[PDB]
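# Using only what follows, build the 3D model:
(chains A, B, C, D and E, ligands or ions: 6)
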Amino acid sequence: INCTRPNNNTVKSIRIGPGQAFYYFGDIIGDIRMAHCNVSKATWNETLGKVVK
Amino acid sequence: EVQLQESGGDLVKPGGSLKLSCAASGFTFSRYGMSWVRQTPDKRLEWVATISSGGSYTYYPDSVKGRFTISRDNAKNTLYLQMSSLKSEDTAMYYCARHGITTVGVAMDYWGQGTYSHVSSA
Amino acid sequence: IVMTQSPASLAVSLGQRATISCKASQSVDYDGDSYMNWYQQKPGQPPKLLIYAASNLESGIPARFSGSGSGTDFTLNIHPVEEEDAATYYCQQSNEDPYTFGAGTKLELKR
Amino acid sequence: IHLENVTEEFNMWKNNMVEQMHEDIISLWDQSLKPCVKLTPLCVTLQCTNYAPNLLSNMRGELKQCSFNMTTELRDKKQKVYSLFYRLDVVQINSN
Amino acid sequence: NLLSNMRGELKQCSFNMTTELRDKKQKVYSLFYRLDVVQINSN
Ligand SMILES: *[C@@H]1O[C@H](CO)[C@@H](O[C@@H]2O[C@H](CO)[C@@H](O[C@@H]3O[C@H](CO)[C@@H](O)[C@H](O)[C@@H]3O)[C@H](O)[C@H]2NC(C)=O)[C@H](O)[C@H]1NC(C)=O
Ligand SMILES: *[C@@H]1O[C@H](CO)[C@@H](O)[C@H](O)[C@H]1NC(C)=O
Ligand SMILES: *[C@@H]1O[C@H](CO)[C@@H](O)[C@H](O)[C@H]1NC(C)=O
Ligand SMILES: *[C@@H]1O[C@H](CO)[C@@H](O)[C@H](O)[C@H]1NC(C)=O
Ligand SMILES: *[C@@H]1O[C@H](CO)[C@@H](O)[C@H](O)[C@H]1NC(C)=O
Ligand SMILES: *[C@@H]1O[C@H](CO)[C@@H](O)[C@H](O)[C@H]1NC(C)=O
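Residues are numbered from 1 along each chain as shown, chains lettered A, B, ... in the order given. Ligands and ions are numbered 1, 2, ... in the order given. Below you will find the coordinate block:
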């Protein structure tokens, strides 16, 4: 299985204080594609036919 | 802030071999989206939207099918379109606009320039 | 496909109140109600935003009018009017698959 | 070492070492997580609406361009922020 | 409290308390014996 996340979406950081460096989400640059996974089709057919026997 | 230079000489009987080009501005050209609105006499005038960088649309409305062909160039910071096989009930393409952020659905926060060019029967 | 609403080409006697409505182009809208904004133009100018983000007054225009919004059916309001206010106001709201407006105004002060 | 001429009964589902793998990972997880930074004061009320090209994607879902007030370094100063959160991280209470 | 053998101390009492949200307060109503309350030196 291959699984990816397209939007690399740079971050920022502020300070709660004293000494609590909080990280939070920044901003999108580029297109937007949601996360997904590819899978080999015929092999998934083959092992599913294998398990049902 | 900077308006958009346009160019239209659309005076051609119905073969739509007719290129129309947009321009650039002083703002950044990437990380936003654009659209296109024409001008009809008093009937709400067009709805043709476009994409961001590599976005997932090529035609925004129906009834433009096979005739729309919007493109975009990030390099020279200027897009253009081609409207092949032009029908009647059609004046010209007129305006360019910008989508912008911090809105909710969509908005046309700036307006480049409107260009009038009647197409039929010179 | 929509079915927009406007009463007519309007008029005003400079009396601070002018409410025009577009009730239901289509069905209702969800929790992120997403009804977009009203534009203006006059024959000597390109179109221009009035309101932004379905509720609140634009940074760039002075603070002298607003509009109401509730779910599907709503209208505008206005608050003391003057010379450059009489214009053409278009009503686009719907943002899912098409972008649409069919409504429109022609407003002019009464002599 | 291979064995010879030996049988033995075997039963899973009653083995004790599955719980000892269960108990220590729980004690490992919190112990690795405890002495780093705490945050109580974040969950403050907030108004929120979606992001603009969220409607311009295959993912027409939820991004929620969002903002709130947060206490700063000094106790008598507040600050304004702007951030993003998914729908599965936020819920409303039952005007913006 | 005045209607009992125990004519003593119940002190039906109330205050402000922070809620789960940091920008919201709330009103409560409760009871405390005088052996668990004492004043400072108007109500
Ligand atoms: C998982 O499956 C998807 C489904 O096909 C794969 O997506 C495909 O990815 C390629 C590589 O980016 C895309 O091709 C690109 O097209 C642009 C168009 O200008 C071109 O400039 C690029 O050079 C490239 O050729 C392709 O369109 C895309 N297909 C889709 C989205 O349907 C994906 O690669 C697979 N693997 C992973 C790890 O996600
Ligand atoms: C995404 O990755 C590219 C790779 O070169 C990088 O330049 C960019 O800063 C990253 N972040 C974005 C587009 O927000
Ligand atoms: C997943 O990615 C690896 C990377 O080398 C590739 O070899 C493999 O074929 C991919 N699997 C797919 C596309 O099912
Ligand atoms: C799996 O492969 C068999 C052939 O071995 C075929 O008959 C069957 O339709 C396939 N099923 C799917 C879900 O691809
Ligand atoms: C933040 O605090 C200021 C202080 O008056 C207030 O005006 C503003 O509405 C607050 N914003 C939020 C999101 O709480
Ligand atoms: C609780 O807070 C409100 C806020 O003004 C105040 O009016 C009230 O007197 C307070 N009550 C007590 C018991 O502190």
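
# element containing residue D:27, please.
Take DSSP states H and E as the rule and residue D:27 turns out to sit in helix D:17-33.

# mind listing what the next helix or strand after that helix pairs with, with the direction of each?
Next in sequence after helix D:17-33, counting helices and strands by DSSP H and E, comes strand D:47-49. Strand D:47-49 sits in its sheet next to strand D:65-67 (antiparallel), going by DSSP bridges.

# what lines up beside the very next helix or strand once past the strand it pairs with in the sheet?
Next along the chain after strand D:65-67, taking DSSP H and E as the criterion, comes strand D:69-71. As defined by DSSP bridges, the strand partners of strand D:69-71 come to strand D:78-80 (antiparallel).

# Tell me the helices and strands packed up against the helix or strand just after the partner strand.
Downstream of strand D:78-80, the first helix or strand assigned by DSSP H and E is strand D:83-84. On a contact count with 3 or more Cβ pairs under 8 Å, 6 or more residues apart in numbering or on different chains; DSSP states H and E, strand D:83-84 meets strand A:21-25, strand D:65-67. Every residue, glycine included, has its C-beta placed from N, CA and C.

# Where does chain B get nearest to chain A, residue-wise?
Closest approach between chain B and chain A, counting by Cβ to the nearest Cβ: residue B:54, at 5.1 Å.

# so who does the closest residue to that residue other than its chain neighbours touch?
Excluding the flanking residues, the one nearest residue B:54 by Cβ to Cβ, 6 or more residues apart in numbering or on different chains is residue A:31, at 5.1 Å. By Cβ atoms under 8 Å, 6 or more residues apart in numbering or on different chains, the contact list for residue A:31 reads A:6, A:7, B:52, B:53, B:54, B:55, B:56, D:57.

# Just want the residue of chain C that's nearest chain B.
residue C:95 (3.0 Å).

# Where does the closest residue to that residue other than its chain neighbours sit: helix, strand or coil?
Residue nearest to residue C:95 in three dimensions, not counting chain neighbours: residue B:105, with 3.0 Å by Cβ to Cβ, 6+ apart. Secondary structure, DSSP: H, G, I helix; E, B strand; the rest coil: residue B:105 is coil.

# what's the neighbour count on residue B:105?
Using other Cβ atoms under 10 Å in any protein chain shown, residue B:105 has 23 other residues around it.

# ok, now residue C:30?
Residues near residue C:30, counting by other Cβ under 10 Å: 8.

# where's it, which helix or strand?
Applying DSSP H and E, one finds residue C:30 in no helix or strand.

# go on, residue C:77?
Counting by DSSP H and E, residue C:77 is found in strand C:76-78.

# Pairing partners for that strand, with directions?
Applying DSSP bridges, one finds strand C:76-78 paired with strand C:65-67 (antiparallel).

# And stretch B:1-9, what's buried?
Within stretch B:1-9, the residues scored as buried using 16 or more other Cβ atoms under 10 Å in any protein chain shown are B:4, B:6, B:8.

# Provide the secondary structure category for whatever residue of chain B ends up closest to chain E.
Residue nearest to chain E within chain B (Cβ to the nearest Cβ): residue B:102, separated by 23.9 Å. Under three-state DSSP, the three-state class of residue B:102 is coil.

# what about it, neighbour count?
13.

# Residue D:75 too?
Around residue D:75 there are 8 residues (other Cβ under 10 Å).

# got it, and residue C:20?
21.

# So which residues of chain A form helices?
Assigned by DSSP state H, chain A shows helices spanning A:41-52.

# Show me the beta-bridge partners of the residue in it positioned nearest to ligand 1.
Chain A approaches ligand 1 most closely through residue A:38 (3.8 Å), counting by Cβ to the nearest ligand atom. When assigned by DSSP bridges, residue A:38 has beta-bridge partners residue A:2.
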